[PDB]
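S.K.: For reference, each letter of the sequence shown is one residue, going -2 to 144 in the authors' numbering.
All residues carry an ideal CB built from backbone N, CA and C; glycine is no exception.
Mind having a look at this structure? Questions to follow.
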Amino acid sequence: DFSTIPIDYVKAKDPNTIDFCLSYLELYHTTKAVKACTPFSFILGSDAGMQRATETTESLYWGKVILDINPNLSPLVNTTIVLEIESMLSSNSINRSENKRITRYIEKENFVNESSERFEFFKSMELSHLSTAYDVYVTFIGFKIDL
């Protein structure tokens, strides 16, 4: 072997495993010095006691992000929720991180409450916009890649 910490060409061929992620980055994300990766998890929220953005920089996240919005029984303001997510899927072509936003528009009648799981491969997670009436929670279950 005598390669870097990531290991390629392993018989483990499954989309959810970190092996698929490593094999994909070593093949279609050249000019990126991939260092050791570890299974990581973190949570961002809207209420006090949590951070609105990831402190890490120049580190690629791969895994499933769980969006969660619930009502806190508070007066409404008629704003919108915006969660801007970077995207390195097309980073090689343009040498930039694509910006993707997941938005649920808030009505005074449509009393929204839903939770869902999505797959993303991003750099940083930021809650650019927020509504004080609701509760927002995002959880990441995947792997962190150091560059």
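I'd like the list of long-range same chain contacts for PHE137, defined as Cβ closer than 7 angstroms, with 5 residues on each side in sequence excluded.
M.R.: So the list reads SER38, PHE39, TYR58, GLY60 and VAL62, once near-sequence residues are dropped.
S.K.: What is the DSSP secondary structure of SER20, counted as helix, strand or coil?
M.R.: Looking at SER20 - three-state DSSP - the assignment turns out to be helix.
S.K.: Taking the alpha carbon of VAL109 as the reference point, which residue from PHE17, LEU70, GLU23 and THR53 has its own alpha carbon closest?
M.R.: That would be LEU70, whose Cα lies nearest to the Cα of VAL109.
S.K.: Between which two residues does the beta strand (DSSP E) holding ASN96 run?
M.R.: Where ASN96 is concerned, the enclosing beta strand (DSSP E) stretches over 95 to 102.
S.K.: Just verifying my parser: in three-state terms, what is the DSSP assignment at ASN89?
M.R.: In the structure shown, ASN89 sits in a helix (DSSP, three-state: H, G or I).
S.K.: Measuring CA to CA, which of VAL133, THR53, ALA9 and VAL74 is closest to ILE142?
M.R.: Nearest option by C-alpha distance: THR53.
S.K.: What are the boundary residues of the beta strand (DSSP E) that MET122 is part of?
M.R.: Note, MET122: beta strand (DSSP E), 122 to 126.
S.K.: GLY46: which of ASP132, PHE140, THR100 and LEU144 sits nearest, CA to CA?
M.R.: For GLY46, the nearest C-alpha among the options comes from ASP132.
S.K.: Distance check for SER90 and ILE4, CA to CA, integer angstroms please.
M.R.: Using only the alpha carbons, I get a separation of about 25 angstroms.
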